[PDB]
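> Take a look at coords-v7.cif, mmCIF, N, CA and C atoms:
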data_final
#
loop_
_atom_site.label_atom_id
_atom_site.label_comp_id
_atom_site.auth_asym_id
_atom_site.auth_seq_id
_atom_site.Cartn_x
_atom_site.Cartn_y
_atom_site.Cartn_z
N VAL A 13 9.46 15.55 15.61
CA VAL A 13 10.10 14.34 15.10
C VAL A 13 9.13 13.52 14.26
N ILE A 14 9.22 13.65 12.94
CA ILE A 14 8.36 12.88 12.06
C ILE A 14 8.75 11.40 12.07
N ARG A 15 7.76 10.53 12.22
CA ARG A 15 7.96 9.09 12.18
C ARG A 15 6.97 8.49 11.21
N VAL A 16 7.44 7.56 10.39
CA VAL A 16 6.64 6.99 9.31
C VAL A 16 6.81 5.47 9.33
N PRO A 17 5.70 4.72 9.42
CA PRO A 17 5.80 3.25 9.43
C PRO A 17 6.37 2.73 8.12
N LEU A 18 7.08 1.62 8.19
CA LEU A 18 7.68 1.01 7.01
C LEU A 18 7.23 -0.43 6.86
N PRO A 19 7.20 -0.92 5.62
CA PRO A 19 7.02 -2.36 5.40
C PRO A 19 8.03 -3.18 6.20
N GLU A 20 7.56 -4.28 6.79
CA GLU A 20 8.42 -5.21 7.52
C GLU A 20 8.24 -6.59 6.94
N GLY A 21 9.19 -7.49 7.19
CA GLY A 21 9.08 -8.84 6.68
C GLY A 21 9.01 -8.87 5.17
N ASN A 22 7.99 -9.53 4.62
CA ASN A 22 7.82 -9.57 3.18
C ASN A 22 6.79 -8.56 2.67
N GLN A 23 6.47 -7.57 3.49
CA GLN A 23 5.56 -6.51 3.07
C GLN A 23 6.18 -5.64 1.99
N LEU A 24 5.31 -4.99 1.21
CA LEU A 24 5.73 -4.22 0.05
C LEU A 24 4.99 -2.90 -0.01
N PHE A 25 5.67 -1.87 -0.50
CA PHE A 25 4.95 -0.67 -0.90
C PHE A 25 4.09 -0.95 -2.12
N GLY A 26 2.96 -0.26 -2.22
CA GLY A 26 2.13 -0.40 -3.40
C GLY A 26 1.34 0.87 -3.64
N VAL A 27 0.94 1.07 -4.89
CA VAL A 27 0.08 2.19 -5.26
C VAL A 27 -1.26 1.62 -5.67
N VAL A 28 -2.33 2.12 -5.06
CA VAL A 28 -3.65 1.63 -5.39
C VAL A 28 -4.00 1.99 -6.82
N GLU A 29 -4.36 0.98 -7.61
CA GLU A 29 -4.61 1.16 -9.03
C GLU A 29 -6.09 1.21 -9.39
N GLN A 30 -6.90 0.43 -8.69
CA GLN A 30 -8.32 0.38 -9.03
C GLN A 30 -9.12 -0.13 -7.85
N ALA A 31 -10.24 0.55 -7.59
CA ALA A 31 -11.22 0.06 -6.63
C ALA A 31 -12.08 -0.99 -7.30
N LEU A 32 -12.19 -2.14 -6.66
CA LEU A 32 -12.92 -3.25 -7.26
C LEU A 32 -14.27 -3.41 -6.58
N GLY A 33 -14.46 -2.71 -5.47
CA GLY A 33 -15.70 -2.78 -4.72
C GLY A 33 -15.60 -3.71 -3.53
N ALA A 34 -16.42 -3.46 -2.52
CA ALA A 34 -16.57 -4.34 -1.37
C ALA A 34 -15.26 -4.65 -0.65
N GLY A 35 -14.44 -3.62 -0.43
CA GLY A 35 -13.22 -3.80 0.35
C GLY A 35 -12.09 -4.49 -0.39
N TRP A 36 -12.11 -4.42 -1.72
CA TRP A 36 -11.05 -4.98 -2.55
C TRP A 36 -10.47 -3.92 -3.47
N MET A 37 -9.15 -3.92 -3.61
CA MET A 37 -8.49 -2.98 -4.51
C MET A 37 -7.33 -3.67 -5.20
N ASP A 38 -7.10 -3.35 -6.47
CA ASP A 38 -5.88 -3.79 -7.13
C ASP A 38 -4.78 -2.80 -6.80
N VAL A 39 -3.60 -3.33 -6.47
CA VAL A 39 -2.49 -2.51 -6.00
C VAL A 39 -1.24 -2.87 -6.80
N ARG A 40 -0.63 -1.87 -7.42
CA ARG A 40 0.63 -2.06 -8.14
C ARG A 40 1.77 -1.98 -7.14
N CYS A 41 2.47 -3.09 -6.97
CA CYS A 41 3.47 -3.20 -5.91
C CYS A 41 4.89 -2.91 -6.36
N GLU A 42 5.76 -2.65 -5.39
CA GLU A 42 7.12 -2.24 -5.69
C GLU A 42 7.99 -3.34 -6.30
N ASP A 43 7.49 -4.58 -6.33
CA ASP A 43 8.18 -5.67 -7.00
C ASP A 43 7.69 -5.84 -8.43
N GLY A 44 6.89 -4.88 -8.90
CA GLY A 44 6.43 -4.88 -10.28
C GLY A 44 5.21 -5.74 -10.55
N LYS A 45 4.58 -6.26 -9.51
CA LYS A 45 3.39 -7.09 -9.68
C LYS A 45 2.16 -6.37 -9.17
N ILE A 46 1.04 -6.63 -9.83
CA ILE A 46 -0.25 -6.15 -9.37
C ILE A 46 -0.88 -7.23 -8.51
N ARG A 47 -1.28 -6.87 -7.29
CA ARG A 47 -1.96 -7.80 -6.41
C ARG A 47 -3.38 -7.35 -6.14
N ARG A 48 -4.29 -8.32 -6.09
CA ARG A 48 -5.66 -8.05 -5.69
C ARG A 48 -5.69 -8.10 -4.17
N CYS A 49 -6.05 -6.99 -3.54
CA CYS A 49 -5.87 -6.84 -2.10
C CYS A 49 -7.14 -6.56 -1.35
N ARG A 50 -7.26 -7.20 -0.19
CA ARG A 50 -8.37 -6.97 0.72
C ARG A 50 -8.02 -5.84 1.69
N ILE A 51 -9.00 -5.00 2.00
CA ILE A 51 -8.86 -4.04 3.08
C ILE A 51 -9.59 -4.61 4.27
N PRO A 52 -8.85 -4.98 5.33
CA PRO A 52 -9.50 -5.55 6.52
C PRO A 52 -10.52 -4.57 7.12
N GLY A 53 -11.61 -5.10 7.67
CA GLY A 53 -12.67 -4.26 8.22
C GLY A 53 -12.16 -3.22 9.20
N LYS A 54 -11.21 -3.63 10.03
CA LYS A 54 -10.61 -2.74 11.01
C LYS A 54 -10.00 -1.51 10.33
N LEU A 55 -9.36 -1.71 9.19
CA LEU A 55 -8.77 -0.58 8.47
C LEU A 55 -9.85 0.19 7.71
N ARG A 56 -10.81 -0.53 7.13
CA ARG A 56 -11.94 0.09 6.42
C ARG A 56 -12.71 1.10 7.26
N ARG A 57 -12.83 0.84 8.56
CA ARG A 57 -13.61 1.72 9.42
C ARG A 57 -12.76 2.85 10.01
N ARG A 58 -11.49 2.91 9.61
CA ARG A 58 -10.59 3.95 10.11
C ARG A 58 -10.17 4.93 9.02
N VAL A 59 -9.93 4.45 7.81
CA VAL A 59 -9.39 5.34 6.78
C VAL A 59 -10.10 5.24 5.45
N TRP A 60 -10.00 6.32 4.69
CA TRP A 60 -10.51 6.36 3.33
C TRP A 60 -9.34 6.13 2.39
N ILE A 61 -9.42 5.04 1.63
CA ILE A 61 -8.36 4.69 0.68
C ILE A 61 -8.87 4.88 -0.73
N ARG A 62 -8.07 5.53 -1.55
CA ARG A 62 -8.48 5.84 -2.90
C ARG A 62 -7.39 5.50 -3.90
N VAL A 63 -7.78 5.43 -5.16
CA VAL A 63 -6.85 5.21 -6.25
C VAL A 63 -5.75 6.25 -6.18
N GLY A 64 -4.52 5.79 -6.33
CA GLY A 64 -3.36 6.66 -6.28
C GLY A 64 -2.68 6.68 -4.92
N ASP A 65 -3.35 6.20 -3.88
CA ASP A 65 -2.74 6.16 -2.56
C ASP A 65 -1.58 5.19 -2.49
N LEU A 66 -0.59 5.53 -1.68
CA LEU A 66 0.50 4.63 -1.37
C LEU A 66 0.12 3.85 -0.12
N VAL A 67 0.31 2.54 -0.16
CA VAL A 67 -0.07 1.66 0.93
C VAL A 67 1.05 0.67 1.23
N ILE A 68 0.95 0.02 2.39
CA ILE A 68 1.74 -1.18 2.65
C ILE A 68 0.86 -2.39 2.37
N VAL A 69 1.38 -3.32 1.58
CA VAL A 69 0.72 -4.58 1.27
C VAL A 69 1.43 -5.74 1.95
N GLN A 70 0.64 -6.60 2.57
CA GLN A 70 1.11 -7.88 3.09
C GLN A 70 0.68 -8.98 2.12
N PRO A 71 1.63 -9.54 1.35
CA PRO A 71 1.24 -10.65 0.46
C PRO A 71 0.69 -11.82 1.26
N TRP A 72 -0.31 -12.49 0.70
CA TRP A 72 -0.82 -13.70 1.33
C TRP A 72 0.24 -14.79 1.27
N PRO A 73 0.19 -15.76 2.19
CA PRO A 73 1.20 -16.83 2.17
C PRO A 73 1.07 -17.81 0.99
N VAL A 74 -0.11 -17.87 0.38
CA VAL A 74 -0.37 -18.69 -0.81
C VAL A 74 -0.74 -17.71 -1.93
N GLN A 75 -0.29 -17.97 -3.15
CA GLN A 75 -0.47 -17.00 -4.24
C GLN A 75 0.05 -15.63 -3.82
N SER A 76 1.24 -15.62 -3.22
CA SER A 76 1.86 -14.41 -2.71
C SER A 76 2.08 -13.37 -3.79
N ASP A 77 2.23 -13.82 -5.03
CA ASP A 77 2.48 -12.92 -6.14
C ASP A 77 1.21 -12.25 -6.68
N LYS A 78 0.05 -12.71 -6.23
CA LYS A 78 -1.22 -12.25 -6.79
C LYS A 78 -2.20 -11.64 -5.80
N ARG A 79 -2.00 -11.89 -4.51
CA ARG A 79 -2.99 -11.48 -3.51
C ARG A 79 -2.32 -10.94 -2.25
N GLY A 80 -2.99 -10.01 -1.58
CA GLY A 80 -2.49 -9.48 -0.34
C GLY A 80 -3.55 -8.76 0.46
N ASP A 81 -3.17 -8.29 1.65
CA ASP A 81 -3.99 -7.37 2.43
C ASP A 81 -3.33 -6.00 2.39
N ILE A 82 -4.14 -4.95 2.33
CA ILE A 82 -3.62 -3.62 2.61
C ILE A 82 -3.58 -3.47 4.12
N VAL A 83 -2.41 -3.13 4.67
CA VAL A 83 -2.29 -3.00 6.12
C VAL A 83 -2.03 -1.59 6.62
N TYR A 84 -1.76 -0.65 5.72
CA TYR A 84 -1.54 0.75 6.09
C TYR A 84 -1.70 1.60 4.86
N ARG A 85 -2.23 2.81 5.04
CA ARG A 85 -2.31 3.79 3.96
C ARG A 85 -1.60 5.07 4.38
N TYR A 86 -0.62 5.47 3.59
CA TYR A 86 0.18 6.65 3.90
C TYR A 86 -0.56 7.95 3.61
N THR A 87 -0.29 8.96 4.43
CA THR A 87 -0.73 10.31 4.11
C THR A 87 0.23 10.94 3.11
N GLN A 88 -0.17 12.06 2.52
CA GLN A 88 0.67 12.73 1.54
C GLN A 88 2.02 13.18 2.12
N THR A 89 2.01 13.68 3.35
CA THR A 89 3.26 14.10 3.96
C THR A 89 4.18 12.90 4.20
N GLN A 90 3.60 11.76 4.56
CA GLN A 90 4.39 10.54 4.73
C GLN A 90 4.98 10.07 3.40
N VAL A 91 4.20 10.18 2.33
CA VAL A 91 4.70 9.86 1.00
C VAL A 91 5.91 10.74 0.66
N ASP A 92 5.81 12.03 0.97
CA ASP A 92 6.93 12.92 0.68
C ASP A 92 8.17 12.55 1.48
N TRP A 93 7.98 12.15 2.73
CA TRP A 93 9.09 11.68 3.54
C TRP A 93 9.73 10.45 2.92
N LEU A 94 8.91 9.49 2.49
CA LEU A 94 9.42 8.27 1.85
C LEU A 94 10.21 8.57 0.58
N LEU A 95 9.73 9.54 -0.20
CA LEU A 95 10.47 9.99 -1.38
C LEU A 95 11.83 10.55 -1.00
N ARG A 96 11.85 11.40 0.01
CA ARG A 96 13.11 12.03 0.41
C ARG A 96 14.11 11.01 0.94
N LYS A 97 13.60 9.97 1.59
CA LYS A 97 14.45 8.94 2.16
C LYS A 97 14.82 7.88 1.13
N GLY A 98 14.25 7.98 -0.07
CA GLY A 98 14.55 7.01 -1.12
C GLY A 98 13.86 5.65 -0.97
N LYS A 99 12.85 5.57 -0.11
CA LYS A 99 12.13 4.31 0.09
C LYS A 99 11.23 3.99 -1.09
N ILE A 100 10.76 5.03 -1.77
CA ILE A 100 10.07 4.89 -3.04
C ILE A 100 10.60 5.96 -3.98
N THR A 101 10.25 5.86 -5.25
CA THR A 101 10.67 6.84 -6.23
C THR A 101 9.44 7.52 -6.81
N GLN A 102 9.63 8.71 -7.36
CA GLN A 102 8.53 9.41 -7.99
C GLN A 102 7.99 8.61 -9.18
N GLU A 103 8.90 7.97 -9.91
CA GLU A 103 8.51 7.17 -11.06
C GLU A 103 7.55 6.06 -10.64
N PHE A 104 7.81 5.45 -9.49
CA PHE A 104 6.91 4.42 -8.96
C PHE A 104 5.52 4.97 -8.61
N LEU A 105 5.46 6.14 -8.00
CA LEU A 105 4.17 6.70 -7.61
C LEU A 105 3.26 6.97 -8.78
N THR A 106 3.84 7.53 -9.84
CA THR A 106 3.08 7.94 -11.00
C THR A 106 2.74 6.74 -11.87
N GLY A 107 3.67 5.78 -11.93
CA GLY A 107 3.47 4.57 -12.71
C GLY A 107 3.73 4.79 -14.18
#
Rewrite the coordinates I just gave you, this time as structure tokens.

Amino acid sequence: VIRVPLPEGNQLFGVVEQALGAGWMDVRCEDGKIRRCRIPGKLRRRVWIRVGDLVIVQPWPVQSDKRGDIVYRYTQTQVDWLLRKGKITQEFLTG
């Protein structure tokens, strides 16, 4: 039984666009905005996140359109599941 976490609340799917260094990445989000996102230390010490990865972004409560935290990074098999379920589109992944 495959199970895949989903964005909740005001969280958004995003594709990592650029590594900015020191736990920061620009992420192209499913609402069509690029957000500058922090990777929390807890996540940094668990996973390797790279350009092109699909992630869940939590927008910050202030400047919500410009900033967020990355809270999850999907594996490739999870990405394929999300595609099949229509949660994201191939056009979105490629950009």
> So that I can check the surroundings of residue 73 in chain A, please list as a count of residues only every protein, DNA and RNA residue that reaches within 10 Å of it, counting only C-alpha atoms and ignoring chain neighbours fewer than 6 positions away.
3
> Going by the chain IDs and residue numbers used in this file, which residues fall under the PyMOL selection byres (((chain A and resi 43 and name CA) around 10) and name CA)? Write them as a JSON list (two decimals) with N, CA and C atoms, keeping the file's coordinate frame.

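In the end it all went to part-v2.json:
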[["chain", "number", "residue", "atom", "x", "y", "z"],
["A", 24, "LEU", "N", 5.31, -4.99, 1.21],
["A", 24, "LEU", "CA", 5.73, -4.22, 0.05],
["A", 24, "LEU", "C", 4.99, -2.90, -0.01],
["A", 25, "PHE", "N", 5.67, -1.87, -0.50],
["A", 25, "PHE", "CA", 4.95, -0.67, -0.90],
["A", 25, "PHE", "C", 4.09, -0.95, -2.12],
["A", 26, "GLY", "N", 2.96, -0.26, -2.22],
["A", 26, "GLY", "CA", 2.13, -0.40, -3.40],
["A", 26, "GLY", "C", 1.34, 0.87, -3.64],
["A", 40, "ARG", "N", -0.63, -1.87, -7.42],
["A", 40, "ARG", "CA", 0.63, -2.06, -8.14],
["A", 40, "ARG", "C", 1.77, -1.98, -7.14],
["A", 41, "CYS", "N", 2.47, -3.09, -6.97],
["A", 41, "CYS", "CA", 3.47, -3.20, -5.91],
["A", 41, "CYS", "C", 4.89, -2.91, -6.36],
["A", 42, "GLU", "N", 5.76, -2.65, -5.39],
["A", 42, "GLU", "CA", 7.12, -2.24, -5.69],
["A", 42, "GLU", "C", 7.99, -3.34, -6.30],
["A", 44, "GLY", "N", 6.89, -4.88, -8.90],
["A", 44, "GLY", "CA", 6.43, -4.88, -10.28],
["A", 44, "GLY", "C", 5.21, -5.74, -10.55],
["A", 45, "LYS", "N", 4.58, -6.26, -9.51],
["A", 45, "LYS", "CA", 3.39, -7.09, -9.68],
["A", 45, "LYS", "C", 2.16, -6.37, -9.17],
["A", 46, "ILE", "N", 1.04, -6.63, -9.83],
["A", 46, "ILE", "CA", -0.25, -6.15, -9.37],
["A", 46, "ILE", "C", -0.88, -7.23, -8.51],
["A", 77, "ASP", "N", 2.23, -13.82, -5.03],
["A", 77, "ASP", "CA", 2.48, -12.92, -6.14],
["A", 77, "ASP", "C", 1.21, -12.25, -6.68]]
> Quick check on the file I pasted: which residues fall under the PyMOL selection byres ((chain A and resi 51-62) around 8)? Write them as a list in words.
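On the file shown, the PyMOL selection byres ((chain A and resi 51-62) around 8) covers residues 27, 28, 29, 30, 31, 34, 35, 36, 37, 48, 49, 50, 63, 64, 65, 66, 80, 81, 82, 83, 84 and 85 of chain A.
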> Just how far from CA of residue 98 in chain A is atom N of residue 20 in chain A, in Å to one decimal?
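About the pair atom N of residue 20 in chain A and CA of residue 98 in chain A: they are 15.5 Å apart.
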> With only C-alpha atoms as the basis for distance, which of A:70, A:105, A:23, A:39 is at the shortest distance from residue 92 in chain A?
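Closest to residue 92 in chain A of all the choices is A:105.
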> What parts of chain A does DSSP call strand (DSSP E)? I'd like the answer as a PyMOL selection string.
chain A and resi 24-33+36-41+46-50+66-71+79-85
> Can those selected residues be exported to a file as a compact mmCIF listing (two decimals), in the coordinates of the input so that it contains N, CA and C atoms?

# COMPACT_ATOMS: atom_id res chain seq x y z
N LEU A 24 5.31 -4.99 1.21
CA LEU A 24 5.73 -4.22 0.05
C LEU A 24 4.99 -2.90 -0.01
N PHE A 25 5.67 -1.87 -0.50
CA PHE A 25 4.95 -0.67 -0.90
C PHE A 25 4.09 -0.95 -2.12
N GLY A 26 2.96 -0.26 -2.22
CA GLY A 26 2.13 -0.40 -3.40
C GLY A 26 1.34 0.87 -3.64
N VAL A 27 0.94 1.07 -4.89
CA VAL A 27 0.08 2.19 -5.26
C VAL A 27 -1.26 1.62 -5.67
N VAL A 28 -2.33 2.12 -5.06
CA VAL A 28 -3.65 1.63 -5.39
C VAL A 28 -4.00 1.99 -6.82
N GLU A 29 -4.36 0.98 -7.61
CA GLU A 29 -4.61 1.16 -9.03
C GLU A 29 -6.09 1.21 -9.39
N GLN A 30 -6.90 0.43 -8.69
CA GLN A 30 -8.32 0.38 -9.03
C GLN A 30 -9.12 -0.13 -7.85
N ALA A 31 -10.24 0.55 -7.59
CA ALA A 31 -11.22 0.06 -6.63
C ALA A 31 -12.08 -0.99 -7.30
N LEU A 32 -12.19 -2.14 -6.66
CA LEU A 32 -12.92 -3.25 -7.26
C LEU A 32 -14.27 -3.41 -6.58
N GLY A 33 -14.46 -2.71 -5.47
CA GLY A 33 -15.70 -2.78 -4.72
C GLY A 33 -15.60 -3.71 -3.53
N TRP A 36 -12.11 -4.42 -1.72
CA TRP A 36 -11.05 -4.98 -2.55
C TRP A 36 -10.47 -3.92 -3.47
N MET A 37 -9.15 -3.92 -3.61
CA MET A 37 -8.49 -2.98 -4.51
C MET A 37 -7.33 -3.67 -5.20
N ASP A 38 -7.10 -3.35 -6.47
CA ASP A 38 -5.88 -3.79 -7.13
C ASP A 38 -4.78 -2.80 -6.80
N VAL A 39 -3.60 -3.33 -6.47
CA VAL A 39 -2.49 -2.51 -6.00
C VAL A 39 -1.24 -2.87 -6.80
N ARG A 40 -0.63 -1.87 -7.42
CA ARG A 40 0.63 -2.06 -8.14
C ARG A 40 1.77 -1.98 -7.14
N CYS A 41 2.47 -3.09 -6.97
CA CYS A 41 3.47 -3.20 -5.91
C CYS A 41 4.89 -2.91 -6.36
N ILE A 46 1.04 -6.63 -9.83
CA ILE A 46 -0.25 -6.15 -9.37
C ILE A 46 -0.88 -7.23 -8.51
N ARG A 47 -1.28 -6.87 -7.29
CA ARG A 47 -1.96 -7.80 -6.41
C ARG A 47 -3.38 -7.35 -6.14
N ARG A 48 -4.29 -8.32 -6.09
CA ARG A 48 -5.66 -8.05 -5.69
C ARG A 48 -5.69 -8.10 -4.17
N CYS A 49 -6.05 -6.99 -3.54
CA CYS A 49 -5.87 -6.84 -2.10
C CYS A 49 -7.14 -6.56 -1.35
N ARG A 50 -7.26 -7.20 -0.19
CA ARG A 50 -8.37 -6.97 0.72
C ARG A 50 -8.02 -5.84 1.69
N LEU A 66 -0.59 5.53 -1.68
CA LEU A 66 0.50 4.63 -1.37
C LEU A 66 0.12 3.85 -0.12
N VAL A 67 0.31 2.54 -0.16
CA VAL A 67 -0.07 1.66 0.93
C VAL A 67 1.05 0.67 1.23
N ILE A 68 0.95 0.02 2.39
CA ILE A 68 1.74 -1.18 2.65
C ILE A 68 0.86 -2.39 2.37
N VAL A 69 1.38 -3.32 1.58
CA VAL A 69 0.72 -4.58 1.27
C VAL A 69 1.43 -5.74 1.95
N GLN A 70 0.64 -6.60 2.57
CA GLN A 70 1.11 -7.88 3.09
C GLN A 70 0.68 -8.98 2.12
N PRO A 71 1.63 -9.54 1.35
CA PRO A 71 1.24 -10.65 0.46
C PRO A 71 0.69 -11.82 1.26
N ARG A 79 -2.00 -11.89 -4.51
CA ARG A 79 -2.99 -11.48 -3.51
C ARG A 79 -2.32 -10.94 -2.25
N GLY A 80 -2.99 -10.01 -1.58
CA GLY A 80 -2.49 -9.48 -0.34
C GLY A 80 -3.55 -8.76 0.46
N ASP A 81 -3.17 -8.29 1.65
CA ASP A 81 -3.99 -7.37 2.43
C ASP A 81 -3.33 -6.00 2.39
N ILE A 82 -4.14 -4.95 2.33
CA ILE A 82 -3.62 -3.62 2.61
C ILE A 82 -3.58 -3.47 4.12
N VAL A 83 -2.41 -3.13 4.67
CA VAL A 83 -2.29 -3.00 6.12
C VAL A 83 -2.03 -1.59 6.62
N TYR A 84 -1.76 -0.65 5.72
CA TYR A 84 -1.54 0.75 6.09
C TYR A 84 -1.70 1.60 4.86
N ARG A 85 -2.23 2.81 5.04
CA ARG A 85 -2.31 3.79 3.96
C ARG A 85 -1.60 5.07 4.38
> Per DSSP on the backbone, what are the helix (DSSP H, G or I) residues of chain A, as a list in words?
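The helix (DSSP H, G or I) residues within chain A come out as residues 53, 54, 55, 56, 88, 89, 90, 91, 92, 93, 94, 95, 96, 97, 102, 103, 104, 105 and 106 of chain A.
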> Please produce an output containing N, CA and C atoms for each residue in the selection, written as a CSV table (one decimal), keeping the file's coordinate frame.

chain,number,residue,atom,x,y,z
A,53,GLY,N,-11.6,-5.1,7.7
A,53,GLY,CA,-12.7,-4.3,8.2
A,53,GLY,C,-12.2,-3.2,9.2
A,54,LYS,N,-11.2,-3.6,10.0
A,54,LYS,CA,-10.6,-2.7,11.0
A,54,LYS,C,-10.0,-1.5,10.3
A,55,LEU,N,-9.4,-1.7,9.2
A,55,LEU,CA,-8.8,-0.6,8.5
A,55,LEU,C,-9.8,0.2,7.7
A,56,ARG,N,-10.8,-0.5,7.1
A,56,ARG,CA,-11.9,0.1,6.4
A,56,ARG,C,-12.7,1.1,7.3
A,88,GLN,N,-0.2,12.1,2.5
A,88,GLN,CA,0.7,12.7,1.5
A,88,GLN,C,2.0,13.2,2.1
A,89,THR,N,2.0,13.7,3.4
A,89,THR,CA,3.3,14.1,4.0
A,89,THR,C,4.2,12.9,4.2
A,90,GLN,N,3.6,11.8,4.6
A,90,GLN,CA,4.4,10.5,4.7
A,90,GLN,C,5.0,10.1,3.4
A,91,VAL,N,4.2,10.2,2.3
A,91,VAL,CA,4.7,9.9,1.0
A,91,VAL,C,5.9,10.7,0.7
A,92,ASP,N,5.8,12.0,1.0
A,92,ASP,CA,6.9,12.9,0.7
A,92,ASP,C,8.2,12.6,1.5
A,93,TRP,N,8.0,12.2,2.7
A,93,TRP,CA,9.1,11.7,3.5
A,93,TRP,C,9.7,10.4,2.9
A,94,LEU,N,8.9,9.5,2.5
A,94,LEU,CA,9.4,8.3,1.8
A,94,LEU,C,10.2,8.6,0.6
A,95,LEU,N,9.7,9.5,-0.2
A,95,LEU,CA,10.5,10.0,-1.4
A,95,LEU,C,11.8,10.6,-1.0
A,96,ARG,N,11.8,11.4,0.0
A,96,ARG,CA,13.1,12.0,0.4
A,96,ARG,C,14.1,11.0,0.9
A,97,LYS,N,13.6,10.0,1.6
A,97,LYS,CA,14.4,8.9,2.2
A,97,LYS,C,14.8,7.9,1.1
A,102,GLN,N,9.6,8.7,-7.4
A,102,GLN,CA,8.5,9.4,-8.0
A,102,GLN,C,8.0,8.6,-9.2
A,103,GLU,N,8.9,8.0,-9.9
A,103,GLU,CA,8.5,7.2,-11.1
A,103,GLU,C,7.6,6.1,-10.6
A,104,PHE,N,7.8,5.4,-9.5
A,104,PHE,CA,6.9,4.4,-9.0
A,104,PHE,C,5.5,5.0,-8.6
A,105,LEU,N,5.5,6.1,-8.0
A,105,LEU,CA,4.2,6.7,-7.6
A,105,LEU,C,3.3,7.0,-8.8
A,106,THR,N,3.8,7.5,-9.8
A,106,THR,CA,3.1,7.9,-11.0
A,106,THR,C,2.7,6.7,-11.9
> Between atom N of residue 107 in chain A and atom N of residue 14 in chain A, what is the distance, to one decimal in Å?
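So the two atoms, atom N of residue 107 in chain A and atom N of residue 14 in chain A, lie 26.7 Å apart.
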> So, with all atoms listed in the file as the atoms that count, which of A:106, A:47, A:16, A:33 lies closest to residue 76 in chain A?
A:47
